[PDB]
Amino acid sequence: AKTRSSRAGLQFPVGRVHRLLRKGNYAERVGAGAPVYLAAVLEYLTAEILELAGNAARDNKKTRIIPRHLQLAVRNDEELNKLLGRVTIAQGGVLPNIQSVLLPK
Amino acid sequence: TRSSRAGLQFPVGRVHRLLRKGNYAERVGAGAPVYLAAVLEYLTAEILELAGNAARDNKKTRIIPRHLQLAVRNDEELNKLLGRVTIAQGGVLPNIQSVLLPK
Amino acid sequence: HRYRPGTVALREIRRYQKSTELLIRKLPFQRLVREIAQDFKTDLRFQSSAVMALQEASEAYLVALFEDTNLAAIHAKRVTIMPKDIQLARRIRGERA
Amino acid sequence: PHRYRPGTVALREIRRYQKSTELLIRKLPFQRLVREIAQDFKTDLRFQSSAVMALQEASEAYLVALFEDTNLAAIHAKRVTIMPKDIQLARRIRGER
Amino acid sequence: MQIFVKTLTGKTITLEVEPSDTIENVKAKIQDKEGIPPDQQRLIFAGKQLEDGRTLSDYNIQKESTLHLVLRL
Amino acid sequence: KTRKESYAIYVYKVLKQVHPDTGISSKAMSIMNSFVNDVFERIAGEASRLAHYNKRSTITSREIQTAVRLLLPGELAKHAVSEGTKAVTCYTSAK
Amino acid sequence: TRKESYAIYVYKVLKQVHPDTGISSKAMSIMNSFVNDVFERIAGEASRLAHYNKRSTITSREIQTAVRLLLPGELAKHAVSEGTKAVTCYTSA
Amino acid sequence: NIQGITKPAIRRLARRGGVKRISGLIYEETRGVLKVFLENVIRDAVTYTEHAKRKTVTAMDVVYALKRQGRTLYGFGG
Amino acid sequence: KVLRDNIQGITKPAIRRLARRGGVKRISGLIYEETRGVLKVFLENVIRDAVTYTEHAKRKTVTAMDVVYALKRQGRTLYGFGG
DNA sequence: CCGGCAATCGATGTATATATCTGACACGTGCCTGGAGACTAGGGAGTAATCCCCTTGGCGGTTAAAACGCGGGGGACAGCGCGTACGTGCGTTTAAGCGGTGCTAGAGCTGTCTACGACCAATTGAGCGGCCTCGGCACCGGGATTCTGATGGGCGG
DNA sequence: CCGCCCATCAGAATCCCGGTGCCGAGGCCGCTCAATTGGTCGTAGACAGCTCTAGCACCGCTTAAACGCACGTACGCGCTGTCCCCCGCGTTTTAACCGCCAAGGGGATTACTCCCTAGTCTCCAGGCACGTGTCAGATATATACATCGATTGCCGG
């Protein structure tokens with residue numbers, strides 16, 4: 001155990017997050033566990049979005065993920081939709097939706 | 001004092017201290033507090049002028065939050081600036097849709 | 001005598017658009033606030049100023065919502081406001097998904 | 001002579017354009033319009049291609065959302081045609097001056 | 001066409017000048033109507049200090065515009 | 001009884017400069033205090049972000065001017081910029 | 001000049017979640033922007049929290065309260081669990 | 001206790017909003033929307049209170065929560 | 001070179017395509033002029049902010065970072081063009 | 001013996017299967033810059049103890065608001081008719097898009113040196129808390145003015 | 001001759017005036033702590049110079065998209081009738097609001113300590129720029145299936 005990420009068992013960097021915290025003009029001092037907490041949270045959110053996007057990509061018989069799959073993943077989940085409410089994803093598109101009145105009878 | 005040198009009413013030293021102990025940047029220049037104090041005093045004077053006119057309209061000698069609300073809501077620039085702000089004990093502007101009025 | 005319908009309504013519109021008082025009784029609002037807060041955490045206390053601020057914010061929110069509802073009702077060639085107008089206003093504003 | 005009834009090709013186009021992701025505006029006219037607009041604030045300016053691309057993406061997203069709100073407002077008034085008053089109502093309720 | 005000059009004392013005065021009028025002429029009018037000497041007045045418009053040799057049309061000062069007067073001692 | 005600071009005296013001085021015979025109540029004073037604090041925070045945050053973008057360690061009058069231009073709309077920005085420039089010039093001239 | 005980014009860590013997370021899919025170049029840019037945005041939001045809220053209570057340090061309590069304030073209902077619980085587990089593991093080792 | 005928000009109070013709020021005629025089903029909707037708004041604000045305020053290790057909710061917590069939601073409120077110490 | 005008339009380059013079929021992506025079936029004939037006005041207002045605001053950002057940095061070229069910063073300032077975040 | 005309803009059938013649009021190639025994604029290498037290990041010094045934050053202030057809980061009364069009922073007029077909704085504006089299609093015209101070519105303005109990097117901001121110490125006056133006093137504003141009673149709706153009247157189909 | 005439009009009355013409703021009182025705003029005094037002045041030092045940033053890159057301008061050719069015109073239909077808008085449901089008013093109930101009293105919990109301050117974080121130096125390895133191979137996906141072609149709208153047959157009035 002040499003790096004801090006290995007000690008915490010993460011994939012995201014702890015030292016880089018600590019450096020960004022210390023130079024972003026946020027507070028006079030930064031505690032030891034704050035980078036660990038922040039890195040864990042960021043890794044969790046990334047994992048959630050990537051899992052949903054990968055399922056969407058598989059639904060289309062595709063291998064690689066494109067911004068369309070990210071847009072489909074975000075817009076179909078309530079929590080992610082609330083979080084990314086005022087965000088525009090480039091080359092994303094829209095969810096297919098037609099009002100019931102316009103359909104033929 | 002620095003306000004006397006700049007010919008202002010608002011405090012320059014206090015603004016400088018607030019800038020330095022607010023975690024905004026590593027260093028703060030000499031003219032930034034002067035500029036900021038001047039701008040703040042100008043905005044205060046504008047709002048107070050409008051509110052005082054509103055207070056005089058109602059035959060009153062003291063300004064109350066209703067007068068501040070009337071001053072802010074009747075000016076386009078101030079309404080744009082304070083667009084998402086609620087003033088306590090302020091009220092609303094009188095406005096009735098023309099469709100609801102009797103024929 | 002008797003006033004025709006719609007007159008006293010306009011009188012109340014004029015009267016309440018000029019005052020600045022609070023339009024909801026204080027004890028019911030206090031009770032509602034306490035029972036709402038008891039879900040997130042029990043054994044809690046409130047300053048009087050906290051309840052006053054809550055009442056002011058909620059009243060302003062409701063008044064603005066009713067203004068938008070009246071606009072939506074007028075758009076549909078009506079003078080009566082209906083729940084669908086509230087739903088349309090909330091949906092367009094962004095609160096309702 | 002084969003001919004479709006009104007409203008069929010409209011639904012087909014709705015289905016087509018809600019499934020793709022390309023830009024729906026020609027690039028040269030938009031570039032010219034952006035340069036003309038920017039000429040008011042400061043002359044002899046230059047633009048990266050990425051700047052114009054980002055501007056186009058933002059504009060298209062804004063217009064699409066506005067049209068969705070306009071469609072909702074039009075349906076609220078028991079109609080299928082969108083009209084300028086629907087655009088005005090949506091913009092007013094959204095808070096845009 | 002008419003413009004408004006603001007002083008540090010909150011006093012706003014009205015001036016009747018022309019688009020082709022130079023800043024020196026505007027100044028001369030301000031002394032005539034207020035008694036303030038030529039050397040002491042500094043004019044600020046849109047964050048820029050005006051030059052006596054320039055005209056009002058040079059700085060795009062339109063009708064009912066406002067300029068801030070600075071006294072230099 | 002810990003000392004608590006505010007902007008009351010300066011607001012009253014400005015008011016007496018504008019309307020020589022006019023008072024103010026306590027609630028209006030609270031509202032004015034909140035307004036001044038809010039505008040201060042907005043301008044300071046915008047200037048700090050501007051300094052961060054261009055890789056600078058100092059906040060200068062240029063950052064304040066650009067923040068005022070970005071935040072204040074219309075003629076408010078013009079008049080505020082003129083006032084700030086005049087104040088800075090007067091401060092520099094005097095010593 | 002060297003330019004740093006989150007690409008490698010995002011790719012490692014993806015290979016851990018879906019070990020067969022890939023990612024394109026624009027999706028990587030979107031993910032980078034997302035990570036930066038969330039980082040800035042949480043850090044700003046934590047700094048404001050520390051300023052309110054007259055403290056000169058940022059600890060894990062500020063981060064926990066920040067993620068409780070920002071993240072919606074069901075995301076917050078799992079995020080808090082992950083952060084607490086990571087901090088406990090770091091302290092133990 | 002949501003029924004303590006009586007129908008005449010809602011009518012007075014509507015009058016201040018400029019509404020002339022009111023349907024009979026508006027009061028239930030108004031109660032629901034008010035409850036949702038209060039729940040959000042009170043949740044945020046209680047979180048702010050618990051971070052400070054206090055057992056009393058102050059006006060500062062309410063002001064901070066409202067500012068977080070995007071509704072600044074003047075006149076209570078902001 | 002100063003150019004005008006360029007708002008008419010946003011043709012009627014393009015606005016129709018945008019409406020189709022918006023889910024609209026029938027369009028009145030007066031929608032296009034108002035759409036042009038709305039687009040003009042939006043572009044004016046964003047471009048003003050971007051130019052302010054550019055001139056603070058003493059540059060003669062508008063970059064994508066300035067556009068992203070302006071859009072974030074107006075409360076419209078955009079993912080993909082850096083940031 | 002036609003009308004409405006339901007079952008065909010041709011045209012058309014869209015999804016599916018099969019090479020083909022190509023530009024983009026995934027992997028391999030050097031180095032250099034930032035992160036980790038070890039140690040020291042100091043101040044920020046935790047902990048304990050006091051105090052007194054504000055919040056909670058209970059009691060009595062009074063009176064103003066709320067709840068309930070009734071009668072009626074106006075508005076909401078459904079149905080019908082008309083006419084015009086918008087959708088679908090076709091032939092013609094235009095400019096967007098692609099592919100090169102050249103040129104130059106300007107963005108980005110590097111070295112220097114200097115003025116500007118931080119830090120430290122002593123001093124002193126501006127601003128905050130506490131106390132008083134009086135005048136602007138709230139309250140009550142009375143008169144004046146203003147709409148508003150019923151009543152009488154006049155008129156034209 | 002009678003339904004529709006117009007002028008005129010009393011009656012609540014809001015407002016203005018005058019007298020009374022009373023509580024909050026404006027002013028004054030003492031102290032303390034934060035802003036001012038003077039001096040020293042280090043580095044952040046302005047300035048000059050050079051390099052190369054990407055943004056701008058011009059030309060030629062294709063062809064797909066835009067534009068103009070015609071025809072028909074289906075949707076929007078206006079009118080009419082009804083039916084019921086909100087509004088205005090009167091009576092009875094209830095509980096909010098005000099005043100008063102009492103107790104105790106917890107918020108705010110102070111003193112002390114210790115341990116967690118910053119700062120310094122050394123060392124080394126992880127991540128970024130660069131370069132290369134190959135395969136996932138876009139393209140072109142052929143084909144099968146679903147859908148829509150006109151045609152026609154059948155039960156029924």
# chains A, B, ... in the order shown; residues from 1 in each chain; ligands from 1
$ interface_residues --of "chain B" --to "chain H" --cutoff "8 Å" --atoms "only C-alpha atoms" --output "VMD selection string"
chain B and resid 84 to 88 92 95 to 97 100
$ write_last_selection --atoms "N, CA and C atoms" --output "CSV table (one decimal), in the first residue's frame"
chain,number,residue,atom,x,y,z
B,84,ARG,N,-35.5,37.0,-8.6
B,84,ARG,CA,-35.8,35.9,-7.8
B,84,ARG,C,-35.7,36.2,-6.3
B,85,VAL,N,-36.1,37.3,-5.9
B,85,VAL,CA,-36.0,37.8,-4.6
B,85,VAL,C,-37.4,38.1,-4.0
B,86,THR,N,-37.6,37.7,-2.8
B,86,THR,CA,-38.9,38.0,-2.1
B,86,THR,C,-38.6,39.0,-0.9
B,87,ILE,N,-39.4,40.0,-0.9
B,87,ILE,CA,-39.2,41.1,0.2
B,87,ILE,C,-40.3,40.9,1.2
B,88,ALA,N,-40.0,40.7,2.4
B,88,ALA,CA,-41.0,40.4,3.5
B,88,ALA,C,-41.8,41.6,3.7
B,92,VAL,N,-47.9,43.0,-3.4
B,92,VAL,CA,-47.9,42.9,-4.8
B,92,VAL,C,-48.3,44.2,-5.5
B,95,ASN,N,-52.9,44.9,-10.1
B,95,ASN,CA,-53.0,44.5,-11.5
B,95,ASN,C,-54.2,43.6,-11.7
B,96,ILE,N,-55.2,44.0,-12.5
B,96,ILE,CA,-56.4,43.3,-12.8
B,96,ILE,C,-56.4,43.1,-14.3
B,97,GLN,N,-56.7,41.8,-14.8
B,97,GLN,CA,-56.8,41.5,-16.2
B,97,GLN,C,-58.0,42.2,-16.7
B,100,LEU,N,-61.6,40.4,-16.9
B,100,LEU,CA,-62.4,40.3,-15.7
B,100,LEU,C,-63.2,41.5,-15.4
$ residues_around --residues "residue 15 of chain C" --least-positions-apart "2" --cutoff "12 Å" --atoms "only C-alpha atoms (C1' of nucleotides)" --output "PyMOL selection string"
(chain B and resi 91-92+94-95) or (chain C and resi 8-13+17-21) or (chain H and resi 12-13+15-18) or (chain K and resi 13-14)
$ write_last_selection --atoms "N, CA and C atoms (P, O5', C5', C4', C3', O3' and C1' of nucleotides)" --output "JSON list (two decimals), in the first residue's frame"
[["chain", "number", "residue", "atom", "x", "y", "z"],
["B", 91, "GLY", "N", -45.91, 42.77, -0.36],
["B", 91, "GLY", "CA", -47.16, 42.79, -1.11],
["B", 91, "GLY", "C", -46.94, 42.57, -2.59],
["B", 92, "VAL", "N", -47.91, 43.01, -3.38],
["B", 92, "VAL", "CA", -47.88, 42.86, -4.83],
["B", 92, "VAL", "C", -48.30, 44.17, -5.48],
["B", 94, "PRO", "N", -50.71, 46.32, -7.84],
["B", 94, "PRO", "CA", -52.12, 46.23, -8.27],
["B", 94, "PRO", "C", -52.20, 45.96, -9.76],
["B", 95, "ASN", "N", -52.90, 44.89, -10.13],
["B", 95, "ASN", "CA", -53.00, 44.50, -11.53],
["B", 95, "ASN", "C", -54.23, 43.61, -11.68],
["C", 8, "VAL", "N", -68.49, 41.83, -5.60],
["C", 8, "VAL", "CA", -67.74, 41.72, -4.36],
["C", 8, "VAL", "C", -66.42, 41.02, -4.59],
["C", 9, "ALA", "N", -66.36, 40.13, -5.58],
["C", 9, "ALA", "CA", -65.09, 39.49, -5.92],
["C", 9, "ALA", "C", -64.07, 40.52, -6.37],
["C", 10, "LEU", "N", -64.48, 41.46, -7.22],
["C", 10, "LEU", "CA", -63.59, 42.53, -7.64],
["C", 10, "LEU", "C", -63.21, 43.42, -6.46],
["C", 11, "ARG", "N", -64.16, 43.66, -5.55],
["C", 11, "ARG", "CA", -63.85, 44.46, -4.37],
["C", 11, "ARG", "C", -62.78, 43.80, -3.51],
["C", 12, "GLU", "N", -62.88, 42.48, -3.32],
["C", 12, "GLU", "CA", -61.86, 41.76, -2.55],
["C", 12, "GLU", "C", -60.53, 41.73, -3.29],
["C", 13, "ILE", "N", -60.56, 41.63, -4.62],
["C", 13, "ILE", "CA", -59.33, 41.70, -5.40],
["C", 13, "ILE", "C", -58.62, 43.03, -5.15],
["C", 17, "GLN", "N", -55.03, 43.25, -2.80],
["C", 17, "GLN", "CA", -53.86, 43.59, -3.59],
["C", 17, "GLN", "C", -53.19, 44.88, -3.12],
["C", 18, "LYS", "N", -53.73, 45.50, -2.07],
["C", 18, "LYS", "CA", -53.22, 46.75, -1.53],
["C", 18, "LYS", "C", -52.61, 46.61, -0.14],
["C", 19, "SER", "N", -53.10, 45.66, 0.66],
["C", 19, "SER", "CA", -52.55, 45.42, 1.98],
["C", 19, "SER", "C", -51.29, 44.56, 1.90],
["C", 20, "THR", "N", -50.66, 44.34, 3.06],
["C", 20, "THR", "CA", -49.42, 43.58, 3.14],
["C", 20, "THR", "C", -49.44, 42.53, 4.24],
["C", 21, "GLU", "N", -50.59, 42.29, 4.86],
["C", 21, "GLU", "CA", -50.68, 41.36, 5.99],
["C", 21, "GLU", "C", -50.59, 39.91, 5.51],
["H", 12, "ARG", "N", -58.66, 34.01, -0.11],
["H", 12, "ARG", "CA", -57.96, 35.28, 0.07],
["H", 12, "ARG", "C", -56.65, 35.30, -0.70],
["H", 13, "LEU", "N", -55.91, 34.19, -0.68],
["H", 13, "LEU", "CA", -54.69, 34.11, -1.47],
["H", 13, "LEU", "C", -54.98, 34.27, -2.95],
["H", 15, "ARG", "N", -57.53, 35.86, -4.26],
["H", 15, "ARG", "CA", -57.90, 37.26, -4.47],
["H", 15, "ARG", "C", -56.67, 38.13, -4.60],
["H", 16, "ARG", "N", -55.67, 37.92, -3.74],
["H", 16, "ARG", "CA", -54.42, 38.65, -3.90],
["H", 16, "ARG", "C", -53.72, 38.28, -5.20],
["H", 17, "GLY", "N", -53.97, 37.07, -5.71],
["H", 17, "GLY", "CA", -53.43, 36.69, -7.00],
["H", 17, "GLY", "C", -54.18, 37.23, -8.20],
["H", 18, "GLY", "N", -55.34, 37.85, -7.99],
["H", 18, "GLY", "CA", -56.10, 38.42, -9.08],
["H", 18, "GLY", "C", -57.14, 37.51, -9.69],
["K", 13, "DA", "P", -71.48, 47.08, 2.60],
["K", 13, "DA", "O5'", -70.36, 47.99, 1.93],
["K", 13, "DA", "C5'", -70.47, 48.36, 0.56],
["K", 13, "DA", "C4'", -69.17, 48.98, 0.07],
["K", 13, "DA", "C3'", -68.01, 48.90, 1.04],
["K", 13, "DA", "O3'", -66.79, 48.84, 0.32],
["K", 13, "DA", "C1'", -68.65, 51.17, 0.75],
["K", 14, "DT", "P", -65.40, 48.54, 1.07],
["K", 14, "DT", "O5'", -64.54, 49.85, 0.77],
["K", 14, "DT", "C5'", -64.49, 50.37, -0.55],
["K", 14, "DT", "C4'", -63.98, 51.80, -0.54],
["K", 14, "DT", "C3'", -62.75, 52.05, 0.34],
["K", 14, "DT", "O3'", -61.73, 52.67, -0.43],
["K", 14, "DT", "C1'", -64.46, 53.65, 0.81]]
$ residues_around --residues "residue 40 of chain H" --least-positions-apart "2" --cutoff "12 Å" --atoms "only C-alpha atoms (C1' of nucleotides)" --output "list in words"
residues 33, 36, 37, 40, 54 and 58 of chain C; 69, 72 and 73 of chain G; 33, 34, 35, 36, 37, 38, 42, 43, 44, 45, 46, 47, 62, 65, 66, 68 and 69 of chain H
$ select_by_dssp --residues "segment 26-62 of chain D" --states "alpha helix (DSSP H)" --output "PyMOL selection string"
chain D and resi 27-38+49-62
$ interface_residues --of "chain B" --to "chain E" --cutoff "10 Å" --atoms "only C-alpha atoms" --output "count of residues only"
3
$ atom_distance --atom1 "atom CA of residue 74 of chain F" --atom2 "atom CA of residue 80 of chain B"
9.8 Å
$ atom_distance --atom1 "atom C1' of residue 114 of chain J" --atom2 "atom CA of residue 36 of chain B"
27.8 Å
$ residues_around --residues "segment 35-51 of chain G" --least-positions-apart "4" --cutoff "7 Å" --atoms "only C-alpha atoms (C1' of nucleotides)" --output "PDB file with C-alpha atoms, in the first residue's frame"
ATOM      1  CA  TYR A  26     -12.340  26.647  -0.850  1.00  0.00           C
ATOM      2  CA  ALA A  27     -11.048  26.760   2.740  1.00  0.00           C
ATOM      3  CA  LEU A  42     -17.461  10.555  -7.659  1.00  0.00           C
TER       4      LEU A  42
ATOM      5  CA  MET G  31     -18.000  12.173 -18.828  1.00  0.00           C
ATOM      6  CA  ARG G  55     -14.634  27.003  10.711  1.00  0.00           C
ATOM      7  CA  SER G  56     -11.376  27.274   8.773  1.00  0.00           C
ATOM      8  CA  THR G  57     -11.146  23.602   7.737  1.00  0.00           C
ATOM      9  CA  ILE G  58     -13.011  21.221   5.444  1.00  0.00           C
ATOM     10  CA  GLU G  62     -18.824  18.933   5.387  1.00  0.00           C
ATOM     11  CA  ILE G  63     -18.617  16.529   2.437  1.00  0.00           C
ATOM     12  CA  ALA G  66     -22.940  18.541   1.058  1.00  0.00           C
ATOM     13  CA  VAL G  67     -23.821  15.250  -0.631  1.00  0.00           C
TER      14      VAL G  67
END
$ interface_residues --of "chain J" --to "chain G" --cutoff "10 Å" --atoms "only C-alpha atoms (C1' of nucleotides)" --output "VMD selection string"
chain J and resid 24 to 26 33 44 to 45 109
$ residues_around --residues "segment 46-48 of chain A" --least-positions-apart "4" --cutoff "7 Å" --atoms "only C-alpha atoms (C1' of nucleotides)" --output "PyMOL selection string"
(chain A and resi 42+52) or (chain G and resi 13+17)
$ interface_residues --of "chain A" --to "chain J" --cutoff "9 Å" --atoms "only C-alpha atoms (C1' of nucleotides)" --output "mmCIF file with N, CA and C atoms, in the first residue's frame"
data_model
loop_
_atom_site.group_PDB
_atom_site.id
_atom_site.type_symbol
_atom_site.label_atom_id
_atom_site.label_comp_id
_atom_site.auth_asym_id
_atom_site.auth_seq_id
_atom_site.Cartn_x
_atom_site.Cartn_y
_atom_site.Cartn_z
ATOM 1 N N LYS A 2 1.017 1.868 -1.175
ATOM 2 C CA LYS A 2 1.808 3.081 -1.330
ATOM 3 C C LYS A 2 0.936 4.294 -1.628
ATOM 4 N N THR A 3 0.121 4.234 -2.675
ATOM 5 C CA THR A 3 -0.784 5.327 -2.980
ATOM 6 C C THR A 3 -1.964 5.326 -2.015
ATOM 7 N N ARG A 4 -2.621 6.483 -1.917
ATOM 8 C CA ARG A 4 -3.769 6.604 -1.025
ATOM 9 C C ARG A 4 -4.995 5.902 -1.593
ATOM 10 N N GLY A 15 -4.790 11.716 -4.326
ATOM 11 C CA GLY A 15 -3.824 12.800 -4.295
ATOM 12 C C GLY A 15 -4.204 13.953 -5.204
ATOM 13 N N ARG A 16 -4.693 13.641 -6.407
ATOM 14 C CA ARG A 16 -5.107 14.695 -7.326
ATOM 15 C C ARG A 16 -6.309 15.458 -6.790
#
$ interface_residues --of "chain J" --to "chain H" --cutoff "10 Å" --atoms "only C-alpha atoms (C1' of nucleotides)" --output "count of residues only"
3
$ residues_around --residues "residue 39 of chain I" --least-positions-apart "6" --cutoff "9 Å" --atoms "only C-alpha atoms (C1' of nucleotides)" --output "list in words"
residues 59, 62 and 63 of chain D
$ write_last_selection --atoms "N, CA and C atoms" --output "short mmCIF file (atom, residue, chain, number, x, y, z; two decimals), in the first residue's frame"
data_model
loop_
_atom_site.label_atom_id
_atom_site.label_comp_id
_atom_site.auth_asym_id
_atom_site.auth_seq_id
_atom_site.Cartn_x
_atom_site.Cartn_y
_atom_site.Cartn_z
N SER D 59 -28.58 26.62 -29.32
CA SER D 59 -29.76 27.22 -29.94
C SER D 59 -30.80 26.15 -30.28
N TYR D 62 -32.54 24.85 -27.12
CA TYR D 62 -33.47 25.85 -26.61
C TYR D 62 -34.77 25.87 -27.42
N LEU D 63 -34.64 25.88 -28.75
CA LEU D 63 -35.84 25.96 -29.58
C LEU D 63 -36.70 24.71 -29.44
#
$ residues_around --residues "segment 78-90 of chain D" --least-positions-apart "6" --cutoff "12 Å" --atoms "only C-alpha atoms (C1' of nucleotides)" --output "ChimeraX atom specification"
/A:99-103 /C:68-77,88-94 /D:7,63,65-72,96-97 /I:16,19,22-35,37-38 /J:85-86 /K:74-77
$ closest_atom_pairs --of "chain B" --to "chain F" --cutoff "6 Å" --atoms "only C-alpha atoms" --output "tab-separated table"
residue	atom	partner	partner_atom	distance
B:5	CA	F:91	CA	5.5
B:6	CA	F:91	CA	4.4
B:10	CA	F:10	CA	5.7
B:24	CA	F:48	CA	5.3
B:26	CA	F:57	CA	5.4
B:27	CA	F:58	CA	4.6
B:28	CA	F:59	CA	5.0
B:29	CA	F:60	CA	5.1
B:31	CA	F:61	CA	5.6
B:32	CA	F:61	CA	4.6
B:35	CA	F:84	CA	4.6
B:38	CA	F:84	CA	5.3
B:39	CA	F:80	CA	5.4
B:61	CA	F:22	CA	5.5
B:62	CA	F:23	CA	4.5
B:63	CA	F:24	CA	4.7
B:64	CA	F:28	CA	5.5
B:65	CA	F:28	CA	5.3
$ select_by_dssp --residues "chain E" --states "strand (DSSP E or B)" --output "PyMOL selection string"
chain E and resi 2-6+12-16+22+41-45+48-49+55+66-71
$ interface_residues --of "chain K" --to "chain C" --cutoff "10 Å" --atoms "only C-alpha atoms (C1' of nucleotides)" --output "mmCIF file with C-alpha atoms (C1' of nucleotides), in the first residue's frame"
data_model
loop_
_atom_site.group_PDB
_atom_site.id
_atom_site.type_symbol
_atom_site.label_atom_id
_atom_site.label_comp_id
_atom_site.auth_asym_id
_atom_site.auth_seq_id
_atom_site.Cartn_x
_atom_site.Cartn_y
_atom_site.Cartn_z
ATOM 1 C "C1'" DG K 11 -78.212 52.506 -0.143
ATOM 2 C "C1'" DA K 12 -73.857 50.353 1.194
ATOM 3 C "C1'" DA K 13 -68.647 51.170 0.748
ATOM 4 C "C1'" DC K 86 -70.365 28.909 -7.828
ATOM 5 C "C1'" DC K 87 -71.630 33.518 -5.525
ATOM 6 C "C1'" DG K 88 -73.733 36.583 -2.245
ATOM 7 C "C1'" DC K 89 -76.134 36.752 2.246
ATOM 8 C "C1'" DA K 96 -57.714 31.988 17.355
ATOM 9 C "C1'" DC K 97 -55.689 35.599 19.835
#
$ closest_atom_pairs --of "chain D" --to "chain K" --cutoff "10 Å" --atoms "only C-alpha atoms (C1' of nucleotides)" --output "tab-separated table"
residue	atom	partner	partner_atom	distance
D:2	CA	K:149	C1'	8.5
D:3	CA	K:149	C1'	8.2
D:4	CA	K:149	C1'	7.3
D:5	CA	K:149	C1'	8.3
D:6	CA	K:73	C1'	8.3
D:8	CA	K:148	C1'	9.1
D:46	CA	K:55	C1'	7.5
D:47	CA	K:55	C1'	7.8
D:48	CA	K:55	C1'	7.5
D:49	CA	K:55	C1'	8.9
D:79	CA	K:76	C1'	8.3
D:80	CA	K:75	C1'	8.5
D:81	CA	K:75	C1'	8.7
$ write_last_selection --atoms "N, CA, C and O atoms" --output "short mmCIF file (atom, residue, chain, number, x, y, z; two decimals), in the first residue's frame"
data_model
loop_
_atom_site.label_atom_id
_atom_site.label_comp_id
_atom_site.auth_asym_id
_atom_site.auth_seq_id
_atom_site.Cartn_x
_atom_site.Cartn_y
_atom_site.Cartn_z
N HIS D 2 -51.61 8.00 -56.23
CA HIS D 2 -51.47 7.72 -54.81
C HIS D 2 -51.21 9.00 -54.03
O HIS D 2 -50.40 9.84 -54.44
N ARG D 3 -51.91 9.15 -52.91
CA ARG D 3 -51.79 10.35 -52.09
C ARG D 3 -52.17 10.01 -50.66
O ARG D 3 -53.16 9.32 -50.42
N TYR D 4 -51.37 10.50 -49.71
CA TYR D 4 -51.64 10.31 -48.29
C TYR D 4 -52.56 11.41 -47.77
O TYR D 4 -52.57 12.53 -48.28
N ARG D 5 -53.33 11.07 -46.74
CA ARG D 5 -54.21 12.04 -46.12
C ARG D 5 -53.41 12.99 -45.24
O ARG D 5 -52.32 12.64 -44.77
N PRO D 6 -53.91 14.20 -45.01
CA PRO D 6 -53.19 15.15 -44.14
C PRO D 6 -52.99 14.58 -42.75
O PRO D 6 -53.91 14.02 -42.14
N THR D 8 -50.59 12.26 -41.88
CA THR D 8 -49.83 11.01 -41.85
C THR D 8 -48.33 11.26 -41.97
O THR D 8 -47.55 10.80 -41.13
N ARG D 46 -12.91 37.23 -34.59
CA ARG D 46 -12.73 35.92 -35.18
C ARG D 46 -13.38 34.86 -34.30
O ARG D 46 -13.57 35.06 -33.09
N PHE D 47 -13.73 33.73 -34.91
CA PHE D 47 -14.41 32.65 -34.23
C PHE D 47 -13.70 31.33 -34.51
O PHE D 47 -13.31 31.06 -35.65
N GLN D 48 -13.53 30.52 -33.46
CA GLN D 48 -13.18 29.13 -33.65
C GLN D 48 -14.39 28.37 -34.18
O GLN D 48 -15.54 28.75 -33.93
N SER D 49 -14.13 27.29 -34.92
CA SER D 49 -15.23 26.47 -35.40
C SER D 49 -16.00 25.85 -34.24
O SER D 49 -17.23 25.71 -34.30
N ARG D 79 -56.87 22.35 -28.97
CA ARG D 79 -56.43 22.61 -30.33
C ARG D 79 -55.30 21.65 -30.68
O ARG D 79 -54.65 21.07 -29.80
N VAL D 80 -55.06 21.48 -31.98
CA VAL D 80 -53.91 20.74 -32.47
C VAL D 80 -52.92 21.61 -33.21
O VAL D 80 -51.79 21.16 -33.47
N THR D 81 -53.29 22.84 -33.55
CA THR D 81 -52.41 23.78 -34.23
C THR D 81 -51.75 24.70 -33.21
O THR D 81 -52.42 25.20 -32.29
#
$ interface_residues --of "chain A" --to "chain D" --cutoff "10 Å" --atoms "only C-alpha atoms" --output "list in words"
residues 67, 68, 88, 89, 90, 91, 92, 93, 94, 95, 96, 97, 98, 99, 101, 102, 103 and 104 of chain A
